[PDB]
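K.L.:
everything below, folded, please.
(chains A, B, C and D, ligands or ions: 4)
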Amino acid sequence: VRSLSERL
Amino acid sequence: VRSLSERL
Amino acid sequence: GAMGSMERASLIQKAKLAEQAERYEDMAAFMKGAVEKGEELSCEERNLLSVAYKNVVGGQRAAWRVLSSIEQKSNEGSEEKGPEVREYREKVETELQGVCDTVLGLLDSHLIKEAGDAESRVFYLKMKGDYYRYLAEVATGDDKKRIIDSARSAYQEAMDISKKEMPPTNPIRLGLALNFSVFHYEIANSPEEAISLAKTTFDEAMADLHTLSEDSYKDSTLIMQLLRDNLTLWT
Amino acid sequence: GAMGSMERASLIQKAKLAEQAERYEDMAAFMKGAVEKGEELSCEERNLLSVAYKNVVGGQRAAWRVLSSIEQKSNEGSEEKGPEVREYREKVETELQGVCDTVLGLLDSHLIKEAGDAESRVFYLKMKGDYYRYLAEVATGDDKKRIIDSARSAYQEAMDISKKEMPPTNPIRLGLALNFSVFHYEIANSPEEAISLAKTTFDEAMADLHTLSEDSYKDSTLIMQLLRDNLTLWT
Ligand SMILES: [Cl-]
Ligand SMILES: [Cl-]
Ligand SMILES: [Mg+2]
Ligand SMILES: [Mg+2]
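P.N.:
Residues are numbered from 1 along each chain as shown, chains lettered A, B, ... in the order given. Ligands and ions are numbered 1, 2, ... in the order given. Below you will find the coordinate block:
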């Protein structure tokens, strides 16, 4: 499971 | 609502 | 062609990788390269070609519809915003037409003329009808009628072969009938013809399901459900 | 540049149309054209630039991960299938690196050096960190360490400005901290630093929410939830 980065 | 055509 | 130096088998392998990676423009370029090697395509390879270009043109069609709707609204109390919406719709349209012309060119040089078996010939003639139908969706001027007749003619030739050579449950035959019914409803202003074709196709397939294995039954009934979904929308 | 003949305002208008049509490669080309006009970008324009390239590189990253996983499996009792998987992974990788280099080039010529306000400067330095981070995701050889340090340095400069010049709830400051924490966890092998940064960022924002309007509260809390989601994954 990969980490969440900033959304647009 | 548009008609459904063949799926892949 | 930029794929001229790559082995046929490597192009096919990479098309399958591109599909897994959802890189459909790459997939289409690899499959175009494979077709241009000049050998006939197997069943699996025909399906890769179709998947690739259907996904490419599908994104273009979706974009064109968004832009056309914006352009239509701008032409209703609407403030004048200049040429940009038209220009960008035209840009997407030209690219879409280019993809359709590419597919039609592969079919004409030389996939159709070498296709002797019903499965291949019907598949390619259906594709020809489909890509003329996509051209018809964006056509306006002195070409619309001839493009529509080209789609109709390709679908009709495919239908004639499919009815003589394939069982009514064959998934290619079903998909052809489905798409020709969509042509009648959405392109040719013939909703009654669309409904009649979908109904007869569905009923003739229903009556042939008893001949099928479990796996073939699943394949056929999946497409039959699309016919039924359209009939529910159209009636 | 192919956009050199188009008005700045028309490029911006078309970028917005491309976004609506989900044509992100076009959107990025239009926004690159707009940047190359040489004027600074407004808030809205910076966001269009970021959305465009994030969507383009996002698709490339997703494809690269699919292909890298296939390549890794092939190198475990696995049958030798030739060079095609590596070649195609390399093709996608090179294209991804090209997009990152394009973005970094716009930042260096000359977006960052003209950005004096904290909102713009932090935004661009964060972007610089992000695109070096995407380069680091695919780097292996004698460049990996220097690419990682370039990402770190850009994020750190952005953090220093943001802490001096912006409130802890500012969405740019929050998004920067979020992405720097991801850098620590996924790139720099520093999960404890990632967790500490996410926790402190979340807590300092929580304590500042009382100052915000309803709309700003919604903006800030949406990003805070991503910090919390990562903390739940990481602990
Ligand atoms: Cl345009
Ligand atoms: Cl390749
Ligand atoms: Mg037969
Ligand atoms: Mg301030």
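K.L.:
please make it C-alpha for all contacts and neighbour counts, starting now.
P.N.:
Will do.
K.L.:
need the residue closest to the centroid of chain A.
P.N.:
residue A:4 (2.0 Å; C-alpha atoms, centre = their mean).
K.L.:
now for the spatially closest residue to residue C:171 that is not a sequence neighbour: which residues touch it?
P.N.:
Using C-alpha to C-alpha, 6 or more residues apart in numbering or on different chains and skipping the chain neighbours, the partner closest in space to residue C:171 is residue C:220 (5.6 Å). Residue C:220 is in contact with C:169, C:170, C:171, C:174, C:205, counting by C-alpha atoms under 8 Å, 6 or more residues apart in numbering or on different chains.
K.L.:
show me which of those is closest to residue D:9.
P.N.:
residue C:174 (49.2 Å; C-alpha to C-alpha).
K.L.:
list the contacts of the strand or helix carrying the closest one.
P.N.:
Per DSSP states H and E: residue C:174 is located in helix C:171-182. Under the criterion C-alpha under 8 Å, 6+ apart, residues B:3-6, C:119, C:122-123, C:126, C:130, C:152, C:155, C:158-159, C:162-163, C:166-168, C:193-195, C:197-198, C:201, C:219-220, C:223-224, C:226-227 lie in contact with helix C:171-182.
K.L.:
for stretch C:69-76, same thing?
P.N.:
By C-alpha under 8 Å, 6+ apart, the residues outside stretch C:69-76 that reach it are C:80, C:81, C:85, C:86, C:89.
K.L.:
filter those down to the buried ones.
P.N.:
Burial by neighbour count, 16 or more other C-alpha atoms under 10 Å in any protein chain shown: within the contacts of stretch C:69-76 this picks out C:85, C:89.
K.L.:
narrow the contacts of stretch C:69-76 to those in helices?
P.N.:
C:85, C:86, C:89 (DSSP state H).
K.L.:
isn't the last one right next to residue C:62, touching?
P.N.:
The reference is to residue C:89. No: judged on C-alpha atoms under 8 Å, residue C:89 makes no contact with residue C:62 at a distance of 11.5 Å.
K.L.:
if we can go back for a sec, show me the contacts of helix C:171-182 that map onto helices.
P.N.:
The members of those that map onto helices under DSSP H are C:119, C:122-123, C:126, C:130, C:152, C:155, C:158-159, C:162-163, C:193-195, C:197-198, C:201, C:219-220, C:223-224, C:226-227.
K.L.:
got a quick PyMOL command for the buried subset of those?
P.N.:
To isolate in PyMOL the members of the ones in helices among the contacts of helix C:171-182 that are buried, counting by 16+ other C-alpha under 10 Å, one can use:
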select buried, chain C and resi 119+122+123+126+130+152+155+158+159+162+193+194+195+197+198+201+220+223+224+226+227
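K.L.:
quick one on the thing from earlier: distance-wise, check the residue nearest to residue C:171 relative to residue C:17.
P.N.:
27 Å (C-alpha to C-alpha, to the nearest Å).
K.L.:
what's the farthest-apart pair in the contacts of residue C:220?
P.N.:
Maximum pairwise distance among the contacts of residue C:220 (C-alpha to C-alpha): 10.0 Å, between C:171 and C:205.
K.L.:
near the closest residue to ligand 4 within chain A, how many other residues are there?
P.N.:
With C-alpha to the ion, the shortest gap between chain A and ligand 4 falls at residue A:6, namely 21.1 Å. Residues lying near residue A:6 (other C-alpha atoms under 10 Å in any protein chain shown) number 16.
K.L.:
what distance do you get for residue C:59 to ligand 1?
P.N.:
Plainly put, residue C:59 is 17 Å away from ligand 1 if you go by C-alpha to the ion, to the nearest Å.
K.L.:
give me the secondary structure label for that residue.
P.N.:
With DSSP: H, G, I helix; E, B strand; the rest coil as the basis, residue C:59 sits in helix.
K.L.:
again, but for residue C:148
P.N.:
Reducing the assignment at residue C:148 to three states with three-state DSSP gives helix.
K.L.:
ok, residue C:130 - contacts?
P.N.:
Neighbouring residues of residue C:130 by C-alpha under 8 Å, 6+ apart: C:151, C:179.
K.L.:
what residues sit buried inside the one helix or strand residue C:103 maps to?
P.N.:
Element membership of residue C:103, judged by DSSP H and E, is helix C:84-106. Buried residues in helix C:84-106, counted by 16+ other C-alpha under 10 Å: C:84-85, C:88-90, C:92-93, C:96-97, C:99-100, C:103-104, C:106.
K.L.:
helices and strands around that helix, which ones?
P.N.:
Secondary-structure packing of helix C:84-106 (3 or more C-alpha pairs under 8 Å, 6 or more residues apart in numbering or on different chains; DSSP states H and E): helix C:43-74, helix C:118-138, helix D:8-20.
K.L.:
looking at the ones you listed, spot the one closest to ligand 3.
P.N.:
When the helices and strands packed on helix C:84-106 are compared (using C-alpha to the ion), the closest one is helix C:118-138, at 7.1 Å.
K.L.:
and the closest one with ligand 3, contact?
P.N.:
No: applying C-alpha under 5 Å from the ion, one finds helix C:118-138 separated from ligand 3 by no less than 7.1 Å.
K.L.:
so can I have JSON lines of the helices and strands packed on helix C:84-106 showing distance to residue C:148?
P.N.:
Output for the helices and strands packed on helix C:84-106, formatted as JSON lines (distance: least, C-alpha to C-alpha, whole Å):
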{"stretch": "helix C:43-74", "distance to residue C:148": "17"}
{"stretch": "helix C:118-138", "distance to residue C:148": "6"}
{"stretch": "helix D:8-20", "distance to residue C:148": "29"}
